[PDB]
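Presented below, as structure tokens, is a lone chain in the form deposited in one PDB entry.
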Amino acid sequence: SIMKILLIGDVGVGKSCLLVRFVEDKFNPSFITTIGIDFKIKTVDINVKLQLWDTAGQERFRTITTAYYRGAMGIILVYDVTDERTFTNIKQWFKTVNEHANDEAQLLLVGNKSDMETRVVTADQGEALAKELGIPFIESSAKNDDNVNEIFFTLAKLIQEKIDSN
């Protein structure tokens, strides 16, 4: 009973480190540095099998990486709170999303590295971005395991809720 999820944002944000932590498999490898993609499958109980893309977003496989946008049932738009320009680079991602994103697929914001505290963004400054865009908000630590399993659990709910509207 599958669902397709994908992550989105700059290098250095902490998207490897989030996926690594969400899916607790140490035996799995990391290509994200060598080739520039990774792809994982975590089954979760809601009452459903996830499938998750991650990307260094470089040019070399841009044609394929794009193919993930088209079939992706949820996108996670991710930013660093220790980094200010990552917090601003978000809308150029958002239009980038909906030009490619299949309209009815659902999105979510993410404010990461709450952990590390030379934090530029507040939580309310984060919903200041989230508000306009019509999309749910969460912030997490990838290091300390804060709200990580929620990020994914909340997103998948919204999607199961969406299926049965029609």
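Only residues modelled in both forms are compared. Here the rigid core means the biggest group of C-alpha atoms that line up within 1.5 Å when the two forms are laid on top of each other. Numbering starts at 1 and follows the sequence shown.
In what follows, reference is made to the form deposited in another entry, a form of this protein that is not presented.
The one residue among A56, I138, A130, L107 whose Cα position changes by 2 Å or more between this form and the one not shown, with the core held fixed by superposition, is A56. Once the cores line up, the CA of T118 ends up less than 2 angstroms apart between this form and the one not shown.
Annotation for the pair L6/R60: C-alpha atoms approach each other in the other form, by 3 Å or more compared with this form. If you compare C-alpha positions, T66 and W53 are 3 angstroms or more farther apart in the other form than in the form on display. Here is what shifts between this form and the one not shown when you lay the two on the core: runs of at least 3 residues, every Cα off by 2 Å or more, at 25 to 29, 36 to 38, 56 to 66.
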